[PDB]
Structure formats: C-alpha cells, structure tokens
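So this block is model.pdb, PDB, C-alpha atoms:
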```
ATOM      1  CA  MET A   1     -29.634   1.417  32.751
ATOM      2  CA  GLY A   2     -33.313   0.649  31.717
ATOM      3  CA  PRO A   3     -36.001  -2.127  32.065
ATOM      4  CA  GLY A   4     -34.211  -4.676  29.795
ATOM      5  CA  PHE A   5     -31.099  -4.450  31.985
ATOM      6  CA  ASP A   6     -33.390  -4.643  35.092
ATOM      7  CA  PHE A   7     -34.863  -8.051  34.011
ATOM      8  CA  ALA A   8     -31.369  -9.315  32.934
ATOM      9  CA  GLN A   9     -29.894  -8.331  36.348
ATOM     10  CA  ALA A  10     -32.763 -10.061  38.239
ATOM     11  CA  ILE A  11     -31.975 -13.325  36.339
ATOM     12  CA  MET A  12     -28.185 -13.047  36.829
ATOM     13  CA  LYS A  13     -28.382 -12.287  40.586
ATOM     14  CA  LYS A  14     -30.504 -15.390  41.465
ATOM     15  CA  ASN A  15     -30.381 -17.887  38.529
ATOM     16  CA  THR A  16     -26.675 -18.117  37.481
ATOM     17  CA  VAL A  17     -23.588 -19.965  38.730
ATOM     18  CA  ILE A  18     -20.041 -20.132  37.365
ATOM     19  CA  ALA A  19     -19.543 -23.636  35.871
ATOM     20  CA  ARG A  20     -16.004 -24.986  35.191
ATOM     21  CA  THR A  21     -15.314 -28.082  33.021
ATOM     22  CA  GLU A  22     -12.000 -29.252  31.416
ATOM     23  CA  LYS A  23     -13.077 -27.072  28.403
ATOM     24  CA  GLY A  24     -13.301 -23.772  30.413
ATOM     25  CA  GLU A  25     -15.375 -21.475  32.629
ATOM     26  CA  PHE A  26     -19.007 -20.852  31.515
ATOM     27  CA  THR A  27     -21.979 -18.790  32.596
ATOM     28  CA  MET A  28     -24.556 -21.450  33.642
ATOM     29  CA  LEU A  29     -28.302 -20.697  33.896
ATOM     30  CA  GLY A  30     -30.230 -22.482  36.680
ATOM     31  CA  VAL A  31     -33.855 -23.083  35.538
ATOM     32  CA  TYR A  32     -35.622 -24.875  38.492
ATOM     33  CA  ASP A  33     -34.821 -27.314  41.368
ATOM     34  CA  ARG A  34     -31.167 -28.509  40.725
ATOM     35  CA  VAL A  35     -31.563 -28.338  36.871
ATOM     36  CA  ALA A  36     -29.329 -25.975  34.862
ATOM     37  CA  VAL A  37     -28.210 -25.544  31.206
ATOM     38  CA  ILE A  38     -24.793 -25.080  29.555
ATOM     39  CA  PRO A  39     -23.537 -25.229  25.937
ATOM     40  CA  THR A  40     -22.937 -28.858  24.827
ATOM     41  CA  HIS A  41     -19.330 -27.935  23.771
ATOM     42  CA  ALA A  42     -18.541 -27.502  27.543
ATOM     43  CA  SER A  43     -18.315 -31.410  27.534
ATOM     44  CA  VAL A  44     -19.910 -31.904  30.980
ATOM     45  CA  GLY A  45     -18.667 -35.078  32.736
ATOM     46  CA  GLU A  46     -19.381 -36.935  36.001
ATOM     47  CA  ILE A  47     -17.937 -33.993  38.090
ATOM     48  CA  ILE A  48     -18.194 -30.220  37.454
ATOM     49  CA  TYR A  49     -17.050 -27.169  39.534
ATOM     50  CA  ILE A  50     -19.957 -24.818  40.535
ATOM     51  CA  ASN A  51     -18.692 -21.489  42.004
ATOM     52  CA  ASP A  52     -15.304 -23.352  42.522
ATOM     53  CA  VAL A  53     -16.880 -26.251  44.523
ATOM     54  CA  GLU A  54     -16.555 -29.871  43.345
ATOM     55  CA  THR A  55     -20.103 -31.052  42.431
ATOM     56  CA  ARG A  56     -21.364 -34.471  41.243
ATOM     57  CA  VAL A  57     -23.423 -34.466  38.034
ATOM     58  CA  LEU A  58     -26.593 -36.568  38.684
ATOM     59  CA  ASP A  59     -27.673 -36.437  34.982
ATOM     60  CA  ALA A  60     -26.550 -34.668  31.754
ATOM     61  CA  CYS A  61     -28.497 -34.766  28.456
ATOM     62  CA  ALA A  62     -27.202 -33.188  25.199
ATOM     63  CA  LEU A  63     -30.439 -32.154  23.442
ATOM     64  CA  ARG A  64     -31.104 -32.963  19.746
ATOM     65  CA  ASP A  65     -34.241 -32.238  17.680
ATOM     66  CA  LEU A  66     -36.472 -35.040  16.367
ATOM     67  CA  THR A  67     -34.437 -35.050  13.082
ATOM     68  CA  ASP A  68     -31.404 -36.024  15.342
ATOM     69  CA  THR A  69     -29.784 -32.550  14.739
ATOM     70  CA  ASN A  70     -27.608 -30.914  17.481
ATOM     71  CA  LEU A  71     -29.376 -28.136  19.527
ATOM     72  CA  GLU A  72     -26.113 -27.214  21.470
ATOM     73  CA  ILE A  73     -28.012 -27.272  24.838
ATOM     74  CA  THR A  74     -26.979 -29.700  27.623
ATOM     75  CA  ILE A  75     -29.437 -30.005  30.577
ATOM     76  CA  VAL A  76     -27.505 -30.820  33.782
ATOM     77  CA  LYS A  77     -28.935 -31.983  37.127
ATOM     78  CA  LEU A  78     -26.456 -30.984  39.884
ATOM     79  CA  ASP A  79     -25.916 -32.739  43.282
ATOM     80  CA  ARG A  80     -26.266 -29.326  44.983
ATOM     81  CA  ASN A  81     -27.706 -28.645  48.487
ATOM     82  CA  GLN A  82     -29.847 -25.716  47.266
ATOM     83  CA  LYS A  83     -32.576 -25.217  44.586
ATOM     84  CA  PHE A  84     -32.769 -22.462  41.952
ATOM     85  CA  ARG A  85     -35.685 -20.044  41.856
ATOM     86  CA  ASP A  86     -38.156 -21.581  39.332
ATOM     87  CA  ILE A  87     -37.979 -19.364  36.161
ATOM     88  CA  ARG A  88     -39.736 -21.783  33.738
ATOM     89  CA  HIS A  89     -42.668 -19.311  33.373
ATOM     90  CA  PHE A  90     -40.175 -16.845  31.662
ATOM     91  CA  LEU A  91     -39.348 -19.387  28.866
ATOM     92  CA  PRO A  92     -40.956 -18.983  25.415
ATOM     93  CA  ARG A  93     -43.277 -21.758  24.225
ATOM     94  CA  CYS A  94     -42.375 -21.427  20.472
ATOM     95  CA  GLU A  95     -39.534 -20.408  18.104
ATOM     96  CA  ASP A  96     -39.658 -16.615  17.499
ATOM     97  CA  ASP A  97     -37.804 -13.385  16.621
ATOM     98  CA  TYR A  98     -37.333 -10.712  19.362
ATOM     99  CA  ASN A  99     -36.586  -7.020  19.764
ATOM    100  CA  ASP A 100     -34.195  -5.320  22.166
ATOM    101  CA  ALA A 101     -32.367  -8.281  23.808
ATOM    102  CA  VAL A 102     -29.549  -8.231  26.421
ATOM    103  CA  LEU A 103     -26.733 -10.814  26.654
ATOM    104  CA  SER A 104     -25.499 -11.178  30.296
ATOM    105  CA  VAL A 105     -22.257 -12.974  31.360
ATOM    106  CA  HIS A 106     -20.769 -13.666  34.781
ATOM    107  CA  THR A 107     -17.344 -15.382  34.964
ATOM    108  CA  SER A 108     -13.884 -14.708  36.542
ATOM    109  CA  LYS A 109     -12.838 -13.073  33.163
ATOM    110  CA  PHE A 110     -16.140 -11.076  32.712
ATOM    111  CA  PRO A 111     -17.997 -10.339  36.015
ATOM    112  CA  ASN A 112     -21.310  -8.388  35.929
ATOM    113  CA  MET A 113     -21.163  -8.021  32.099
ATOM    114  CA  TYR A 114     -24.353  -6.870  30.226
ATOM    115  CA  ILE A 115     -24.476  -6.232  26.422
ATOM    116  CA  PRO A 116     -27.479  -4.677  24.584
ATOM    117  CA  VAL A 117     -27.397  -6.812  21.377
ATOM    118  CA  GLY A 118     -30.588  -5.346  19.785
ATOM    119  CA  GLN A 119     -32.733  -7.312  17.334
ATOM    120  CA  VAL A 120     -32.657 -11.151  17.532
ATOM    121  CA  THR A 121     -33.432 -13.177  14.314
ATOM    122  CA  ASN A 122     -34.830 -16.746  14.299
ATOM    123  CA  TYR A 123     -31.835 -17.807  12.139
ATOM    124  CA  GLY A 124     -32.553 -21.580  12.269
ATOM    125  CA  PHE A 125     -29.752 -23.681  10.724
ATOM    126  CA  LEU A 126     -26.063 -22.917  11.553
ATOM    127  CA  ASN A 127     -22.905 -24.905  10.862
ATOM    128  CA  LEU A 128     -21.491 -24.221  14.348
ATOM    129  CA  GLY A 129     -17.779 -25.240  14.604
ATOM    130  CA  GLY A 130     -18.397 -27.831  11.822
ATOM    131  CA  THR A 131     -21.562 -29.235  13.545
ATOM    132  CA  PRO A 132     -25.010 -28.792  11.868
ATOM    133  CA  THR A 133     -27.153 -27.043  14.545
ATOM    134  CA  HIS A 134     -30.887 -26.033  14.607
ATOM    135  CA  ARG A 135     -32.990 -23.442  16.565
ATOM    136  CA  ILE A 136     -30.217 -20.776  16.433
ATOM    137  CA  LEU A 137     -30.940 -17.116  17.315
ATOM    138  CA  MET A 138     -28.666 -14.444  15.766
ATOM    139  CA  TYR A 139     -27.763 -10.909  16.921
ATOM    140  CA  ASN A 140     -25.471  -8.407  15.209
ATOM    141  CA  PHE A 141     -22.892  -7.999  18.005
ATOM    142  CA  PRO A 142     -19.157  -8.946  17.824
ATOM    143  CA  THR A 143     -19.210 -11.428  20.744
ATOM    144  CA  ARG A 144     -15.867 -12.911  21.993
ATOM    145  CA  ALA A 145     -14.436 -15.994  23.690
ATOM    146  CA  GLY A 146     -15.598 -15.931  27.349
ATOM    147  CA  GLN A 147     -19.311 -15.253  26.565
ATOM    148  CA  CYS A 148     -20.484 -18.906  25.951
ATOM    149  CA  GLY A 149     -23.355 -19.811  28.316
ATOM    150  CA  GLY A 150     -24.282 -16.098  28.525
ATOM    151  CA  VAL A 151     -28.023 -15.561  29.064
ATOM    152  CA  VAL A 152     -30.126 -13.862  26.332
ATOM    153  CA  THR A 153     -33.215 -12.048  27.726
ATOM    154  CA  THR A 154     -35.856  -9.569  26.734
ATOM    155  CA  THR A 155     -38.145  -7.871  29.320
ATOM    156  CA  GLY A 156     -40.070 -10.779  30.817
ATOM    157  CA  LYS A 157     -38.452 -13.575  28.729
ATOM    158  CA  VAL A 158     -35.343 -15.818  28.985
ATOM    159  CA  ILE A 159     -34.927 -16.792  25.296
ATOM    160  CA  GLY A 160     -31.512 -18.492  24.829
ATOM    161  CA  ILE A 161     -27.896 -19.148  25.840
ATOM    162  CA  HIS A 162     -24.899 -17.826  23.816
ATOM    163  CA  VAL A 163     -23.072 -20.704  21.935
ATOM    164  CA  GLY A 164     -20.851 -18.936  19.329
ATOM    165  CA  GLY A 165     -19.914 -16.078  17.006
ATOM    166  CA  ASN A 166     -18.233 -15.308  13.645
ATOM    167  CA  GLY A 167     -16.524 -11.999  14.649
ATOM    168  CA  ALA A 168     -19.509  -9.800  13.481
ATOM    169  CA  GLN A 169     -22.596 -11.857  14.610
ATOM    170  CA  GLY A 170     -23.349 -13.836  17.794
ATOM    171  CA  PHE A 171     -25.451 -16.994  18.027
ATOM    172  CA  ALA A 172     -27.585 -18.413  20.853
ATOM    173  CA  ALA A 173     -29.381 -21.762  21.250
ATOM    174  CA  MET A 174     -33.123 -21.280  21.911
ATOM    175  CA  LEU A 175     -34.566 -22.175  25.303
ATOM    176  CA  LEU A 176     -38.134 -23.516  25.049
ATOM    177  CA  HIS A 177     -40.573 -24.264  27.931
ATOM    178  CA  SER A 178     -40.989 -27.866  26.555
ATOM    179  CA  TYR A 179     -37.311 -28.721  27.364
ATOM    180  CA  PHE A 180     -38.089 -28.458  31.183
ATOM    181  CA  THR A 181     -41.493 -30.151  31.720
ATOM    182  CA  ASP A 182     -41.180 -32.637  34.727
TER     183      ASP A 182
END
```
Would you mind giving the structure from this file in structure tokens?
Amino acid sequence: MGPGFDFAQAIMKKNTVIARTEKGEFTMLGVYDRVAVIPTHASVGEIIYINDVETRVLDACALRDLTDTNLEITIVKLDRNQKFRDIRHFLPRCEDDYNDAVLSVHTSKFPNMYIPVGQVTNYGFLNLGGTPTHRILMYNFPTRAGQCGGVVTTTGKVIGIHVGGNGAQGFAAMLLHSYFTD
C-alpha cells in the first residue's frame, strides 16, 4: 500500500522459503549464500523441508549472548542447489528502537500476509515460554500462532524475526549484522 509494504514485499519475494520441522511450518528468512534463520523453538534437526522438498541441514547453531542467555535465533546452512540474494547490508549493526515496522508472513496457513505493527521498542529481557531471552523487540499488535519466523522490516532495514506474543503484544528476536560475518 506504501513504501514500508514495498520493502517488505521485496524481501518476501526473493529472501523467504517455507520451512517445515516436526514442530510446524515457519516463515524462514534467507540472508546470504545457503544461510537462513528460524526461531530456535522450531527445533531444527539433520533434515528439514524447504518449500516441501527434503533438504539436508549442513549446520545449525542456536545463538546465545556472551552471558549464555537464549537469543531465540537459529542460523541454518541448507544443502540447497541455489543461493539467496545477499541482504546482509539491510541488517542493523546495533540494538535500537524503530518506527513504522511491517511483519510479513508466508506459509500454507497465511500466504502473502503483511501487518503494519507500528512502533517497535527495544524491550530487552523477556521470559519467552519459560526461557529467559535477550535482545527482544516488542510491537503492540495481537499476533497469533502461525506468525513465528515472520520478518520484521522498516524501509531499508530487516530488523528481526517474530518469536512470540502474549495476546496483546508481539515479540521478535533482533537480527544484527555481526551474526552473519563470514
């Protein structure tokens, strides 16, 4: 509808796949080469389905901060025959608050879904499903089951992936440029 939705669409159309684990179907963001991200509660194993095709997992790392606190981001390297467009230059370098964000989801349940979530707070600490978690972003939208892995963008930045909600607020794990240096 406007330039926020334009940037969100550009990311969804080239940099997302549908990932299926034993824990469900997730929006999965491809970042560069065969490297993608997914919420750690997806419980990625040795094999994952990518757009309904059986795919070997070459590496999977559940990120934690240097205090050994959960970040809820798993970085996955896929045995795929095709690379993602490199979007690392759209990742923030530092923790921040944002205006006017969009949450975008693409699954069998929710195809071509875009949600203007508005202001995004650097919330920090969250007890997420009983697990102490850091680097959480919060937005005041009543997000639902089916949106985990959804991409949070502003114009020109890819800032997080949706990891949970409490019925009134939604929560994303930050994406930082430093997670994807090679």
The PyMOL selection byres ((chain A and resi 34-47) around 10) - which residues does that actually catch in the file I just gave you? List them as JSON, numbers by chain. {"A": [15, 16, 17, 19, 20, 21, 22, 23, 24, 25, 26, 27, 28, 29, 30, 31, 32, 33, 48, 49, 50, 54, 55, 56, 57, 58, 59, 60, 61, 62, 63, 70, 71, 72, 73, 74, 75, 76, 77, 78, 79, 80, 81, 82, 83, 84, 85, 86, 129, 148, 149, 150, 161, 162, 163, 164, 172, 173, 175, 180]}
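Put simply, atom CA of residue A:104 is 5.2 Å away from atom CA of residue A:151.
When all atoms listed in the file are used to measure the gap to residue A:135, the shortest distance among A:170, A:2, A:165, A:160 belongs to A:160.
Evaluating the PyMOL selection byres ((chain A and resi 93) around 10) against the shown model yields residues 89, 90, 91, 92, 94, 95, 96, 159, 175, 176, 177, 178 and 179 of chain A.
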With distances taken over all atoms listed in the file, which of A:108, A:69, A:146, A:182 is nearest to residue A:127? A:69
Closest of A:11, A:136, A:68, A:4 to residue A:105 - atom-to-atom distances counting all atoms listed in the file: A:11
Pick from A:8, A:13, A:53, A:65 nearest to residue A:132, counting only C-alpha atoms: A:65
Apply the PyMOL selection byres ((chain A and resi 166) around 12) to the displayed file and report the matching residues as a CSV table (one decimal) with C-alpha atoms, in the frame of the given file.
```csv
chain,number,residue,atom,x,y,z
A,126,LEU,CA,-26.1,-22.9,11.6
A,127,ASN,CA,-22.9,-24.9,10.9
A,128,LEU,CA,-21.5,-24.2,14.3
A,129,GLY,CA,-17.8,-25.2,14.6
A,138,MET,CA,-28.7,-14.4,15.8
A,139,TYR,CA,-27.8,-10.9,16.9
A,140,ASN,CA,-25.5,-8.4,15.2
A,141,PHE,CA,-22.9,-8.0,18.0
A,142,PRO,CA,-19.2,-8.9,17.8
A,143,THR,CA,-19.2,-11.4,20.7
A,144,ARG,CA,-15.9,-12.9,22.0
A,145,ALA,CA,-14.4,-16.0,23.7
A,163,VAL,CA,-23.1,-20.7,21.9
A,164,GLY,CA,-20.9,-18.9,19.3
A,165,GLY,CA,-19.9,-16.1,17.0
A,167,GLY,CA,-16.5,-12.0,14.6
A,168,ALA,CA,-19.5,-9.8,13.5
A,169,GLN,CA,-22.6,-11.9,14.6
A,170,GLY,CA,-23.3,-13.8,17.8
A,171,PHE,CA,-25.5,-17.0,18.0
```
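Interatomic distance, atom CA of residue A:3 to atom CA of residue A:102: 10.5 Å.
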Give the answer as one residue: which of A:67, A:18, A:124, A:134 has the shortest atom-to-atom distance to residue A:52, using only C-alpha atoms? A:18
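We find atom CA of residue A:99 and atom CA of residue A:14 to be spaced 24.0 Å apart.
Closest approach to residue A:6 among A:64, A:101, A:106, A:133: A:101, based on all atoms listed in the file.
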Output stretch 130-146 of chain A with N, CA, C and O atoms present, as a JSON list (two decimals), keeping the file's coordinate frame.
```
[["chain", "number", "residue", "atom", "x", "y", "z"],
["A", 130, "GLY", "N", -18.29, -26.58, 12.61],
["A", 130, "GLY", "CA", -18.40, -27.83, 11.82],
["A", 130, "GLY", "C", -19.63, -28.69, 12.12],
["A", 130, "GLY", "O", -19.82, -29.72, 11.43],
["A", 131, "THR", "N", -20.44, -28.37, 13.14],
["A", 131, "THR", "CA", -21.56, -29.24, 13.54],
["A", 131, "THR", "C", -22.88, -28.62, 13.09],
["A", 131, "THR", "O", -23.22, -27.51, 13.52],
["A", 132, "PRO", "N", -23.68, -29.29, 12.23],
["A", 132, "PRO", "CA", -25.01, -28.79, 11.87],
["A", 132, "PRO", "C", -25.86, -28.60, 13.15],
["A", 132, "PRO", "O", -25.89, -29.51, 14.00],
["A", 133, "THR", "N", -26.41, -27.42, 13.31],
["A", 133, "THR", "CA", -27.15, -27.04, 14.54],
["A", 133, "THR", "C", -28.48, -26.39, 14.14],
["A", 133, "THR", "O", -28.49, -25.57, 13.22],
["A", 134, "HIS", "N", -29.58, -26.66, 14.86],
["A", 134, "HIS", "CA", -30.89, -26.03, 14.61],
["A", 134, "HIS", "C", -31.29, -25.09, 15.76],
["A", 134, "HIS", "O", -30.61, -25.09, 16.82],
["A", 135, "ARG", "N", -32.39, -24.37, 15.56],
["A", 135, "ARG", "CA", -32.99, -23.44, 16.57],
["A", 135, "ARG", "C", -32.00, -22.38, 17.03],
["A", 135, "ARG", "O", -31.96, -22.03, 18.25],
["A", 136, "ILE", "N", -31.20, -21.85, 16.12],
["A", 136, "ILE", "CA", -30.22, -20.78, 16.43],
["A", 136, "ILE", "C", -30.87, -19.39, 16.28],
["A", 136, "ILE", "O", -31.67, -19.16, 15.35],
["A", 137, "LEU", "N", -30.63, -18.55, 17.29],
["A", 137, "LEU", "CA", -30.94, -17.12, 17.32],
["A", 137, "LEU", "C", -29.67, -16.36, 16.91],
["A", 137, "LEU", "O", -28.57, -16.72, 17.34],
["A", 138, "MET", "N", -29.83, -15.28, 16.16],
["A", 138, "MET", "CA", -28.67, -14.44, 15.77],
["A", 138, "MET", "C", -28.88, -12.98, 16.15],
["A", 138, "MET", "O", -30.02, -12.51, 16.00],
["A", 139, "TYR", "N", -27.80, -12.36, 16.60],
["A", 139, "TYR", "CA", -27.76, -10.91, 16.92],
["A", 139, "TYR", "C", -26.49, -10.35, 16.32],
["A", 139, "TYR", "O", -25.49, -11.01, 16.23],
["A", 140, "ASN", "N", -26.55, -9.07, 15.96],
["A", 140, "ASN", "CA", -25.47, -8.41, 15.21],
["A", 140, "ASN", "C", -24.62, -7.73, 16.25],
["A", 140, "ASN", "O", -24.64, -6.49, 16.29],
["A", 141, "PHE", "N", -23.92, -8.51, 17.06],
["A", 141, "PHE", "CA", -22.89, -8.00, 18.00],
["A", 141, "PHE", "C", -21.66, -8.89, 17.91],
["A", 141, "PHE", "O", -21.82, -10.11, 17.95],
["A", 142, "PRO", "N", -20.45, -8.26, 17.85],
["A", 142, "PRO", "CA", -19.16, -8.95, 17.82],
["A", 142, "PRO", "C", -18.74, -9.53, 19.18],
["A", 142, "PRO", "O", -17.80, -9.08, 19.87],
["A", 143, "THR", "N", -19.42, -10.63, 19.51],
["A", 143, "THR", "CA", -19.21, -11.43, 20.74],
["A", 143, "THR", "C", -17.84, -12.15, 20.66],
["A", 143, "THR", "O", -17.34, -12.43, 19.52],
["A", 144, "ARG", "N", -17.26, -12.45, 21.83],
["A", 144, "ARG", "CA", -15.87, -12.91, 21.99],
["A", 144, "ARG", "C", -15.88, -14.17, 22.84],
["A", 144, "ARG", "O", -16.91, -14.45, 23.53],
["A", 145, "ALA", "N", -14.78, -14.91, 22.75],
["A", 145, "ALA", "CA", -14.44, -15.99, 23.69],
["A", 145, "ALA", "C", -14.64, -15.44, 25.11],
["A", 145, "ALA", "O", -14.31, -14.23, 25.36],
["A", 146, "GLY", "N", -15.25, -16.27, 25.96],
["A", 146, "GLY", "CA", -15.60, -15.93, 27.35],
["A", 146, "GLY", "C", -17.09, -15.71, 27.55],
["A", 146, "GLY", "O", -17.50, -15.71, 28.71]]
```
